[PDB]
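One chain is shown next in structure tokens, namely the form solved without the named molecule.
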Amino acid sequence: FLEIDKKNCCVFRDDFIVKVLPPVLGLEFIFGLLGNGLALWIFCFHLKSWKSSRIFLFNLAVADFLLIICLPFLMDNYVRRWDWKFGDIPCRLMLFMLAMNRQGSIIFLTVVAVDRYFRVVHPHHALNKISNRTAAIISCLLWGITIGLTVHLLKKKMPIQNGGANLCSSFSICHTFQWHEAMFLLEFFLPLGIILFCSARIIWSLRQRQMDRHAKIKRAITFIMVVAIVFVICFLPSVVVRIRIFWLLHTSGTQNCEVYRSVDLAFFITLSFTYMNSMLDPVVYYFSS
């Protein structure tokens, strides 16, 4: 298992991915595609008024619609057990749409929950009445700053010889340091702090006003909670497992990678947990209004 890409790090092909994981990805593709499709359709033709916060949801819809289309290629990859028959040209695209529409979904899942804070516990502020034009410039700069962080996956000859096989996967248990590993964490702890602070300060300063008596404003308080709880149910399981990976790397050398026979098997489902966010996205943001 101990191979040499540009360093010394093991990689495994366990005989369990095929049985469980392609069904999960298929269920995610069949549901999420029509959901985000209905959402983007209803935005683009059949909606007449657009203000500075109805386009921050449009960006989120496109940023997981572009991610769902990339699922079948990994589905075949998993079902054929790490054999990439599509050459180099797409293998640098389909490891880049996945690592760009995950982060660009978080960014637009965190702008909205600061918008709300400036709407409910700082009303008649300046920022609550920005033209959609500035809301556009900011969208374009966010789309730019998410791209400027992950372009280094394109400039690589990705398909690796595993002796007899060709794997197309950006994640591997390697003892060296690299930037990508951090970007998978720094997209959890900081947005989590932002979301928690905003969605607690909104909640406390909406019953201290004794406004939490109306019917339509006790449902919204539950809606805010629904958005925060899912973030730590979907994105969390895949982070603690990589924490385990860091810890086992710290404890002992990578050479005897027989220890890692189970951790990566777990990781490749804990990471398929993430895509549920896109599938369960239009259930708490667009039609539930």
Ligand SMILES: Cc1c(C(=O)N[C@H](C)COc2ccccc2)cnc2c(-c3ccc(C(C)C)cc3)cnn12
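Residue indices: 1-based, along the sequence shown.
Below, we turn to the form solved in complex with the named molecule, even though it does not appear here.
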item	value
Heavy atom of residue 176 within 4.5 Å of the named molecule in the deposited bound form	yes
Residue 86: touches the named molecule in the deposited bound form, heavy atom cutoff 4.5 angstroms	no
The named molecule contact in the deposited bound form: residue 200, any heavy atom under 4.5 Å	no
Close approach of residue 181 to the named molecule in the deposited bound form, 4.5 Å, heavy atom	yes
Residue among 165, 185, 196, 211 with a heavy atom within 4.5 Å of the named molecule in the deposited bound form	185
Position in contact with the named molecule when the complex is considered in the deposited bound form, options 246, 31, 223, 41, heavy atoms within 4.5 Å	246
